[PDB]
>>> print(open('input_4.tsv').read())   # TSV, N, CA and C atoms
chain	number	residue	atom	x	y	z
A	1	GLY	N	-107.53	-22.17	-30.70
A	1	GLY	CA	-107.01	-22.41	-29.34
A	1	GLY	C	-108.11	-22.95	-28.46
A	2	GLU	N	-107.71	-23.77	-27.50
A	2	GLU	CA	-108.64	-24.45	-26.59
A	2	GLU	C	-108.14	-24.30	-25.16
A	3	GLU	N	-109.03	-23.92	-24.26
A	3	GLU	CA	-108.70	-23.88	-22.84
A	3	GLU	C	-108.24	-25.24	-22.38
A	4	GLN	N	-107.16	-25.25	-21.60
A	4	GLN	CA	-106.65	-26.46	-20.95
A	4	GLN	C	-106.46	-26.16	-19.46
A	5	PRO	N	-106.29	-27.21	-18.63
A	5	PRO	CA	-106.12	-26.98	-17.20
A	5	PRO	C	-104.90	-26.10	-16.90
A	6	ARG	N	-104.96	-25.45	-15.74
A	6	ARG	CA	-103.88	-24.61	-15.26
A	6	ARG	C	-102.65	-25.45	-14.96
A	7	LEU	N	-101.47	-24.82	-14.89
A	7	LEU	CA	-100.24	-25.59	-14.77
A	7	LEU	C	-100.25	-26.53	-13.57
A	8	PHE	N	-100.63	-26.04	-12.39
A	8	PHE	CA	-100.63	-26.90	-11.20
A	8	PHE	C	-101.58	-28.09	-11.39
A	9	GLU	N	-102.62	-27.91	-12.20
A	9	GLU	CA	-103.57	-28.99	-12.47
A	9	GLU	C	-102.94	-30.01	-13.43
A	10	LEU	N	-102.34	-29.51	-14.51
A	10	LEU	CA	-101.64	-30.38	-15.47
A	10	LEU	C	-100.60	-31.24	-14.77
A	11	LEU	N	-99.87	-30.64	-13.84
A	11	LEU	CA	-98.74	-31.33	-13.22
A	11	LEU	C	-99.17	-32.37	-12.21
A	12	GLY	N	-100.46	-32.38	-11.86
A	12	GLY	CA	-101.03	-33.46	-11.06
A	12	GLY	C	-101.30	-34.73	-11.86
A	13	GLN	N	-101.28	-34.62	-13.20
A	13	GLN	CA	-101.51	-35.77	-14.09
A	13	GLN	C	-100.21	-36.50	-14.33
A	14	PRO	N	-100.25	-37.84	-14.35
A	14	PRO	CA	-98.98	-38.57	-14.46
A	14	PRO	C	-98.17	-38.19	-15.69
A	15	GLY	N	-98.84	-37.99	-16.82
A	15	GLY	CA	-98.15	-37.68	-18.07
A	15	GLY	C	-97.41	-36.34	-18.02
A	16	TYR	N	-98.13	-35.25	-17.81
A	16	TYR	CA	-97.46	-33.94	-17.74
A	16	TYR	C	-96.42	-33.85	-16.64
A	17	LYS	N	-96.71	-34.47	-15.50
A	17	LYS	CA	-95.75	-34.49	-14.38
A	17	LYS	C	-94.38	-35.05	-14.81
A	18	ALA	N	-94.41	-36.17	-15.52
A	18	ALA	CA	-93.16	-36.81	-15.96
A	18	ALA	C	-92.37	-35.98	-17.01
A	19	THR	N	-93.09	-35.37	-17.94
A	19	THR	CA	-92.44	-34.58	-18.98
A	19	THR	C	-91.76	-33.34	-18.36
A	20	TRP	N	-92.44	-32.77	-17.38
A	20	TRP	CA	-91.94	-31.62	-16.67
A	20	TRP	C	-90.65	-31.97	-15.92
A	21	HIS	N	-90.68	-33.08	-15.21
A	21	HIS	CA	-89.51	-33.52	-14.47
A	21	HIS	C	-88.29	-33.69	-15.38
A	22	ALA	N	-88.52	-34.35	-16.51
A	22	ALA	CA	-87.47	-34.59	-17.48
A	22	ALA	C	-86.82	-33.32	-17.97
A	23	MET	N	-87.58	-32.24	-18.04
A	23	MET	CA	-87.07	-30.97	-18.54
A	23	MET	C	-85.92	-30.43	-17.73
A	24	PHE	N	-85.88	-30.73	-16.44
A	24	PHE	CA	-84.84	-30.18	-15.56
A	24	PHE	C	-83.57	-31.02	-15.48
A	25	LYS	N	-83.49	-32.11	-16.25
A	25	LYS	CA	-82.29	-32.96	-16.22
A	25	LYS	C	-81.07	-32.14	-16.59
A	26	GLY	N	-80.06	-32.17	-15.72
A	26	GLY	CA	-78.81	-31.46	-15.96
A	26	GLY	C	-78.81	-29.99	-15.61
A	27	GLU	N	-79.95	-29.45	-15.19
A	27	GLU	CA	-80.01	-28.05	-14.82
A	27	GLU	C	-79.53	-27.89	-13.40
A	28	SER	N	-78.81	-26.81	-13.15
A	28	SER	CA	-78.37	-26.48	-11.80
A	28	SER	C	-78.98	-25.15	-11.36
A	29	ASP	N	-79.03	-24.96	-10.05
A	29	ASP	CA	-79.53	-23.76	-9.39
A	29	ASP	C	-80.93	-23.40	-9.91
A	30	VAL	N	-81.82	-24.39	-9.96
A	30	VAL	CA	-83.20	-24.15	-10.34
A	30	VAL	C	-83.97	-23.82	-9.06
A	31	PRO	N	-84.59	-22.62	-8.98
A	31	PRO	CA	-85.37	-22.29	-7.78
A	31	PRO	C	-86.47	-23.32	-7.53
A	32	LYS	N	-86.72	-23.60	-6.27
A	32	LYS	CA	-87.76	-24.54	-5.89
A	32	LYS	C	-89.12	-24.14	-6.48
A	33	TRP	N	-89.42	-22.84	-6.52
A	33	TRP	CA	-90.74	-22.48	-7.01
A	33	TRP	C	-90.89	-22.84	-8.49
A	34	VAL	N	-89.79	-22.85	-9.24
A	34	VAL	CA	-89.85	-23.16	-10.65
A	34	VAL	C	-90.09	-24.65	-10.88
A	35	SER	N	-89.29	-25.50	-10.24
A	35	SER	CA	-89.50	-26.94	-10.40
A	35	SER	C	-90.85	-27.40	-9.84
A	36	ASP	N	-91.34	-26.76	-8.79
A	36	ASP	CA	-92.66	-27.10	-8.26
A	36	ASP	C	-93.79	-26.62	-9.20
A	37	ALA	N	-93.66	-25.38	-9.68
A	37	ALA	CA	-94.63	-24.76	-10.59
A	37	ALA	C	-96.06	-24.96	-10.10
A	38	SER	N	-96.26	-24.76	-8.80
A	38	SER	CA	-97.51	-25.09	-8.14
A	38	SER	C	-98.31	-23.86	-7.72
A	39	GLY	N	-97.84	-22.67	-8.10
A	39	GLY	CA	-98.46	-21.43	-7.67
A	39	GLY	C	-99.57	-20.97	-8.59
A	40	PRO	N	-100.01	-19.72	-8.40
A	40	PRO	CA	-101.08	-19.19	-9.22
A	40	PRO	C	-100.83	-19.33	-10.71
A	41	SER	N	-101.89	-19.67	-11.44
A	41	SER	CA	-101.78	-19.98	-12.85
A	41	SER	C	-103.11	-19.63	-13.50
A	42	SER	N	-103.08	-18.92	-14.62
A	42	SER	CA	-104.28	-18.67	-15.40
A	42	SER	C	-104.48	-19.82	-16.41
A	43	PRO	N	-105.67	-19.89	-17.00
A	43	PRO	CA	-105.94	-21.04	-17.87
A	43	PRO	C	-104.90	-21.22	-18.98
A	44	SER	N	-104.58	-22.48	-19.26
A	44	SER	CA	-103.68	-22.82	-20.34
A	44	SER	C	-104.44	-22.80	-21.67
A	45	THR	N	-103.69	-22.86	-22.76
A	45	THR	CA	-104.24	-22.91	-24.10
A	45	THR	C	-103.48	-23.93	-24.93
A	46	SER	N	-104.20	-24.87	-25.55
A	46	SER	CA	-103.60	-25.68	-26.60
A	46	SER	C	-103.81	-25.00	-27.94
A	47	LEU	N	-102.76	-24.95	-28.74
A	47	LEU	CA	-102.78	-24.24	-30.00
A	47	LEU	C	-101.80	-24.89	-30.96
A	48	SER	N	-101.71	-24.33	-32.17
A	48	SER	CA	-100.76	-24.84	-33.14
A	48	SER	C	-99.78	-23.79	-33.62
A	49	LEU	N	-98.56	-24.27	-33.83
A	49	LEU	CA	-97.48	-23.49	-34.36
A	49	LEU	C	-97.02	-24.17	-35.64
A	50	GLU	N	-97.37	-23.60	-36.79
A	50	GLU	CA	-97.02	-24.17	-38.09
A	50	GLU	C	-97.29	-25.68	-38.15
A	51	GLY	N	-98.48	-26.05	-37.69
A	51	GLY	CA	-98.94	-27.43	-37.78
A	51	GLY	C	-98.45	-28.37	-36.69
A	52	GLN	N	-97.75	-27.83	-35.70
A	52	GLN	CA	-97.31	-28.60	-34.53
A	52	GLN	C	-98.03	-28.12	-33.28
A	53	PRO	N	-98.58	-29.06	-32.51
A	53	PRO	CA	-99.42	-28.69	-31.39
A	53	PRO	C	-98.62	-28.47	-30.12
A	54	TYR	N	-99.02	-27.45	-29.36
A	54	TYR	CA	-98.43	-27.20	-28.04
A	54	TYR	C	-99.51	-26.84	-27.05
A	55	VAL	N	-99.26	-27.16	-25.78
A	55	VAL	CA	-100.06	-26.70	-24.66
A	55	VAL	C	-99.24	-25.64	-23.94
A	56	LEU	N	-99.78	-24.42	-23.90
A	56	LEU	CA	-99.09	-23.27	-23.33
A	56	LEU	C	-99.68	-22.99	-21.96
A	57	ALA	N	-98.84	-23.06	-20.94
A	57	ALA	CA	-99.25	-22.92	-19.56
A	57	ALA	C	-98.38	-21.89	-18.88
A	58	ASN	N	-98.82	-21.44	-17.72
A	58	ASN	CA	-98.12	-20.41	-16.99
A	58	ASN	C	-98.24	-20.61	-15.49
A	59	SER	N	-97.33	-20.00	-14.76
A	59	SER	CA	-97.48	-19.86	-13.32
A	59	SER	C	-96.59	-18.74	-12.86
A	60	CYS	N	-96.74	-18.36	-11.60
A	60	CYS	CA	-95.89	-17.33	-11.04
A	60	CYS	C	-95.55	-17.68	-9.60
A	61	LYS	N	-94.56	-16.99	-9.08
A	61	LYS	CA	-94.09	-17.28	-7.75
A	61	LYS	C	-95.10	-16.75	-6.73
A	62	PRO	N	-95.59	-17.62	-5.83
A	62	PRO	CA	-96.54	-17.17	-4.82
A	62	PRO	C	-96.00	-15.96	-4.07
A	63	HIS	N	-96.83	-14.94	-3.94
A	63	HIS	CA	-96.52	-13.73	-3.21
A	63	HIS	C	-95.43	-12.85	-3.82
A	64	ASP	N	-94.99	-13.17	-5.04
A	64	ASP	CA	-94.07	-12.31	-5.79
A	64	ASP	C	-94.34	-12.55	-7.28
A	65	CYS	N	-95.63	-12.42	-7.62
A	65	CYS	CA	-96.14	-12.96	-8.87
A	65	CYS	C	-95.73	-12.16	-10.10
A	66	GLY	N	-95.86	-10.84	-10.03
A	66	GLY	CA	-95.54	-9.99	-11.18
A	66	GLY	C	-94.09	-10.04	-11.60
A	67	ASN	N	-93.22	-10.21	-10.62
A	67	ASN	CA	-91.78	-10.18	-10.86
A	67	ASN	C	-91.15	-11.52	-11.16
A	68	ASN	N	-91.94	-12.59	-11.08
A	68	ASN	CA	-91.42	-13.96	-11.22
A	68	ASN	C	-92.44	-14.80	-11.96
A	69	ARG	N	-92.24	-14.94	-13.27
A	69	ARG	CA	-93.22	-15.58	-14.15
A	69	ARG	C	-92.59	-16.80	-14.80
A	70	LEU	N	-93.40	-17.83	-14.98
A	70	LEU	CA	-92.98	-19.06	-15.65
A	70	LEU	C	-93.98	-19.30	-16.78
A	71	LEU	N	-93.44	-19.57	-17.98
A	71	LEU	CA	-94.24	-19.95	-19.13
A	71	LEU	C	-93.70	-21.29	-19.59
A	72	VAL	N	-94.62	-22.15	-19.99
A	72	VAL	CA	-94.29	-23.51	-20.40
A	72	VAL	C	-94.99	-23.86	-21.70
A	73	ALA	N	-94.27	-24.55	-22.59
A	73	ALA	CA	-94.86	-25.14	-23.78
A	73	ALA	C	-94.63	-26.64	-23.75
A	74	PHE	N	-95.69	-27.41	-23.56
A	74	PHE	CA	-95.61	-28.86	-23.69
A	74	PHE	C	-95.93	-29.22	-25.14
A	75	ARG	N	-95.19	-30.14	-25.74
A	75	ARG	CA	-95.68	-30.75	-26.98
A	75	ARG	C	-97.06	-31.36	-26.75
A	76	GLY	N	-97.93	-31.29	-27.76
A	76	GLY	CA	-99.25	-31.91	-27.64
A	76	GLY	C	-99.20	-33.37	-27.26
A	77	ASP	N	-98.20	-34.08	-27.77
A	77	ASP	CA	-98.05	-35.49	-27.45
A	77	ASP	C	-97.35	-35.75	-26.11
A	78	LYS	N	-97.00	-34.69	-25.40
A	78	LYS	CA	-96.45	-34.73	-24.04
A	78	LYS	C	-95.03	-35.32	-23.97
A	79	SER	N	-94.35	-35.42	-25.11
A	79	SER	CA	-93.02	-36.03	-25.15
A	79	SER	C	-91.89	-35.09	-24.78
A	80	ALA	N	-92.15	-33.78	-24.72
A	80	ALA	CA	-91.12	-32.81	-24.34
A	80	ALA	C	-91.80	-31.56	-23.86
A	81	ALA	N	-91.10	-30.80	-23.03
A	81	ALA	CA	-91.55	-29.50	-22.57
A	81	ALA	C	-90.41	-28.51	-22.70
A	82	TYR	N	-90.79	-27.24	-22.81
A	82	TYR	CA	-89.90	-26.11	-22.92
A	82	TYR	C	-90.40	-25.05	-21.95
A	83	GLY	N	-89.47	-24.29	-21.38
A	83	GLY	CA	-89.82	-23.36	-20.34
A	83	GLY	C	-89.10	-22.03	-20.43
A	84	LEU	N	-89.74	-21.00	-19.88
A	84	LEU	CA	-89.21	-19.64	-19.81
A	84	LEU	C	-89.48	-19.10	-18.41
A	85	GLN	N	-88.42	-18.78	-17.68
A	85	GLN	CA	-88.53	-18.11	-16.39
A	85	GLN	C	-88.15	-16.66	-16.59
A	86	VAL	N	-89.03	-15.76	-16.16
A	86	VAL	CA	-88.88	-14.32	-16.30
A	86	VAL	C	-88.69	-13.72	-14.91
A	87	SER	N	-87.63	-12.94	-14.74
A	87	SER	CA	-87.36	-12.23	-13.50
A	87	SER	C	-87.30	-10.73	-13.73
A	88	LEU	N	-87.99	-9.97	-12.87
A	88	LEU	CA	-87.92	-8.51	-12.89
A	88	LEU	C	-87.34	-8.01	-11.59
A	89	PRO	N	-86.50	-6.97	-11.65
A	89	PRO	CA	-86.03	-6.34	-10.44
A	89	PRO	C	-87.13	-5.54	-9.75
A	90	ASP	N	-86.94	-5.25	-8.47
A	90	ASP	CA	-87.92	-4.47	-7.71
A	90	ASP	C	-87.93	-2.97	-8.01
A	91	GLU	N	-86.82	-2.45	-8.51
A	91	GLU	CA	-86.63	-1.04	-8.79
A	91	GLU	C	-85.91	-0.90	-10.12
A	92	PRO	N	-86.07	0.24	-10.80
A	92	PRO	CA	-86.89	1.39	-10.43
A	92	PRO	C	-88.38	1.20	-10.71
A	93	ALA	N	-89.18	2.23	-10.44
A	93	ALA	CA	-90.62	2.14	-10.62
A	93	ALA	C	-91.01	1.86	-12.06
A	94	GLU	N	-90.16	2.26	-13.01
A	94	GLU	CA	-90.47	2.12	-14.42
A	94	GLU	C	-90.44	0.66	-14.88
A	95	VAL	N	-89.95	-0.25	-14.03
A	95	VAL	CA	-90.02	-1.67	-14.34
A	95	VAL	C	-91.48	-2.06	-14.62
A	96	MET	N	-92.41	-1.47	-13.86
A	96	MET	CA	-93.83	-1.76	-14.01
A	96	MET	C	-94.36	-1.27	-15.34
A	97	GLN	N	-93.72	-0.24	-15.90
A	97	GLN	CA	-94.14	0.40	-17.16
A	97	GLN	C	-93.65	-0.37	-18.39
A	98	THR	N	-92.37	-0.71	-18.39
A	98	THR	CA	-91.74	-1.39	-19.52
A	98	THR	C	-90.92	-2.59	-19.06
A	99	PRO	N	-91.59	-3.60	-18.51
A	99	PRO	CA	-90.83	-4.71	-17.92
A	99	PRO	C	-89.91	-5.42	-18.91
A	100	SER	N	-90.26	-5.43	-20.19
A	100	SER	CA	-89.42	-6.09	-21.18
A	100	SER	C	-88.00	-5.55	-21.22
A	101	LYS	N	-87.80	-4.29	-20.87
A	101	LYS	CA	-86.49	-3.68	-20.97
A	101	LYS	C	-85.60	-4.04	-19.79
A	102	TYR	N	-86.22	-4.52	-18.72
A	102	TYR	CA	-85.56	-4.83	-17.45
A	102	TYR	C	-85.46	-6.34	-17.16
A	103	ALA	N	-86.19	-7.16	-17.90
A	103	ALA	CA	-86.33	-8.57	-17.55
A	103	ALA	C	-85.07	-9.38	-17.80
A	104	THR	N	-84.85	-10.38	-16.94
A	104	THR	CA	-83.89	-11.45	-17.19
A	104	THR	C	-84.66	-12.72	-17.51
A	105	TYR	N	-84.25	-13.39	-18.58
A	105	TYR	CA	-84.90	-14.61	-19.06
A	105	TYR	C	-83.98	-15.81	-18.85
A	106	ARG	N	-84.55	-16.94	-18.43
A	106	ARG	CA	-83.85	-18.22	-18.41
A	106	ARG	C	-84.71	-19.22	-19.15
A	107	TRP	N	-84.07	-19.94	-20.09
A	107	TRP	CA	-84.76	-20.95	-20.90
A	107	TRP	C	-84.47	-22.37	-20.41
A	108	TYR	N	-85.49	-23.21	-20.42
A	108	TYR	CA	-85.39	-24.62	-20.04
A	108	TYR	C	-85.82	-25.49	-21.22
A	109	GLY	N	-85.16	-26.63	-21.38
A	109	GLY	CA	-85.52	-27.59	-22.41
A	109	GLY	C	-84.90	-27.34	-23.78
A	110	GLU	N	-84.01	-26.35	-23.89
A	110	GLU	CA	-83.37	-25.99	-25.16
A	110	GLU	C	-84.36	-25.81	-26.31
A	111	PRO	N	-85.28	-24.86	-26.16
A	111	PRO	CA	-86.23	-24.59	-27.23
A	111	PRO	C	-85.60	-23.97	-28.48
A	112	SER	N	-86.21	-24.25	-29.62
A	112	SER	CA	-85.90	-23.58	-30.88
A	112	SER	C	-86.29	-22.11	-30.81
A	113	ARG	N	-85.83	-21.32	-31.77
A	113	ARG	CA	-86.19	-19.91	-31.82
A	113	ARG	C	-87.71	-19.75	-31.91
A	114	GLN	N	-88.35	-20.60	-32.70
A	114	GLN	CA	-89.78	-20.49	-32.91
A	114	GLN	C	-90.55	-20.82	-31.63
A	115	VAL	N	-90.10	-21.81	-30.86
A	115	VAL	CA	-90.73	-22.09	-29.57
A	115	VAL	C	-90.43	-20.98	-28.55
A	116	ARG	N	-89.20	-20.44	-28.56
A	116	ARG	CA	-88.90	-19.25	-27.75
A	116	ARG	C	-89.89	-18.13	-28.04
A	117	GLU	N	-90.13	-17.87	-29.32
A	117	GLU	CA	-91.08	-16.84	-29.71
A	117	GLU	C	-92.50	-17.13	-29.26
A	118	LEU	N	-92.88	-18.39	-29.29
A	118	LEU	CA	-94.20	-18.78	-28.85
A	118	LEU	C	-94.37	-18.51	-27.35
A	119	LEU	N	-93.32	-18.80	-26.60
A	119	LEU	CA	-93.34	-18.54	-25.16
A	119	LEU	C	-93.35	-17.02	-24.88
A	120	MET	N	-92.57	-16.24	-25.62
A	120	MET	CA	-92.60	-14.78	-25.47
A	120	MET	C	-93.98	-14.22	-25.79
A	121	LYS	N	-94.66	-14.76	-26.79
A	121	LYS	CA	-96.01	-14.32	-27.09
A	121	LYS	C	-96.98	-14.55	-25.94
A	122	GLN	N	-96.83	-15.67	-25.24
A	122	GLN	CA	-97.68	-15.93	-24.08
A	122	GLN	C	-97.44	-14.91	-22.98
A	123	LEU	N	-96.18	-14.64	-22.72
A	123	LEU	CA	-95.80	-13.62	-21.76
A	123	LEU	C	-96.42	-12.28	-22.14
A	124	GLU	N	-96.32	-11.97	-23.43
A	124	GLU	CA	-96.81	-10.69	-23.96
A	124	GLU	C	-98.32	-10.58	-24.05
A	125	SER	N	-99.03	-11.67	-23.80
A	125	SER	CA	-100.49	-11.61	-23.72
A	125	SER	C	-101.00	-10.82	-22.50
A	126	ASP	N	-100.18	-10.65	-21.46
A	126	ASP	CA	-100.52	-9.71	-20.36
A	126	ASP	C	-100.59	-8.29	-20.96
A	127	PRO	N	-101.77	-7.63	-20.89
A	127	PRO	CA	-101.91	-6.31	-21.53
A	127	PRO	C	-101.03	-5.21	-20.95
A	128	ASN	N	-100.55	-5.41	-19.72
A	128	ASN	CA	-99.60	-4.48	-19.10
A	128	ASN	C	-98.13	-4.74	-19.46
A	129	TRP	N	-97.85	-5.92	-20.01
A	129	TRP	CA	-96.50	-6.27	-20.42
A	129	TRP	C	-96.16	-5.47	-21.67
A	130	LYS	N	-95.02	-4.81	-21.62
A	130	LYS	CA	-94.52	-3.97	-22.68
A	130	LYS	C	-93.02	-3.98	-22.56
>>> encode(input="input_4.tsv", output="structure tokens")
Amino acid sequence: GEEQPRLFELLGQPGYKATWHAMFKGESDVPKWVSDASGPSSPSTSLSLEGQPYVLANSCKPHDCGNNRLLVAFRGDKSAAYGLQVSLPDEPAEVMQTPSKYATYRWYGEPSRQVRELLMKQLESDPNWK
């Protein structure tokens, strides 16, 4: 794996910007923060999945970061992107303990099961995520 720019940085580049835009074609009721994907973001990673390259990026909703997470997998060649939006409720307190049991997921780009799993692994890289 190799460090890559953060999502807001990637999306400033003409190539990633265009692939991202294309991902939302035909989608309805997409929150502005998701299509913008301009909020806090930790470093991305380029890696391989069974010999196919992806750039795995993340962001979260400004000022509601823990409860609103975005994970993205761009193909290495930038020809397609796949996305995962994670939503957590505010209550009960145990959401913080086992967020996986409370989360609602929305998928973008019609990812395969294997790409879905790759995106879940990125989410699960947070040591508090369980």
>>> closest_residue(input="input_4.tsv", among="A:70, A:57, A:88, A:23", to="residue 110 (chain A)", atoms="only C-alpha atoms")
A:23
>>> closest_atom_pairs(input="input_4.tsv", of="region 79-116 of chain A", to="region 32-44 of chain A", cutoff="10 Å", atoms="only C-alpha atoms", output="tab-separated table")
residue	atom	partner	partner_atom	distance
A:83	CA	A:34	CA	9.7
A:84	CA	A:34	CA	9.8
A:85	CA	A:34	CA	7.8
>>> closest_residue(input="input_4.tsv", among="A:130, A:52, A:60, A:22", to="residue 80 (chain A)", atoms="only N, CA and C atoms")
A:22
>>> residues_around(input="input_4.tsv", residues="region 98-101 of chain A", least_positions_apart="6", cutoff="10 Å", atoms="only C-alpha atoms", output="list in words")
residues 66, 67, 86, 87, 88, 89, 123, 124, 128, 129 and 130 of chain A
>>> closest_residue(input="input_4.tsv", among="A:12, A:90, A:118, A:106", to="residue 65 (chain A)", atoms="only C-alpha atoms")
A:90
>>> atom_distance(input="input_4.tsv", atom1="CA of residue 73 (chain A)", atom2="CA of residue 119 (chain A)")
6.9 Å
>>> select_by_dssp(input="input_4.tsv", residues="chain A", states="strand (DSSP E)", output="MDAnalysis selection string")
chainID A and resid 2:4 44:49 52:60 68:75 81:87 104:108
>>> atom_distance(input="input_4.tsv", atom1="atom C of residue 53 (chain A)", atom2="CA of residue 11 (chain A)")
17.1 Å
>>> select_by_dssp(input="input_4.tsv", residues="region 4-118 of chain A", states="alpha helix (DSSP H)", output="count of residues only")
25
>>> closest_residue(input="input_4.tsv", among="A:68, A:82, A:21, A:15", to="residue 107 (chain A)", atoms="all atoms listed in the file")
A:82
>>> atom_distance(input="input_4.tsv", atom1="atom N of residue 45 (chain A)", atom2="atom N of residue 125 (chain A)")
12.2 Å
>>> closest_residue(input="input_4.tsv", among="A:71, A:81, A:76, A:28", to="residue 109 (chain A)", atoms="all atoms listed in the file")
A:81
>>> closest_residue(input="input_4.tsv", among="A:19, A:108, A:97, A:47", to="residue 3 (chain A)", atoms="only N, CA and C atoms")
A:47
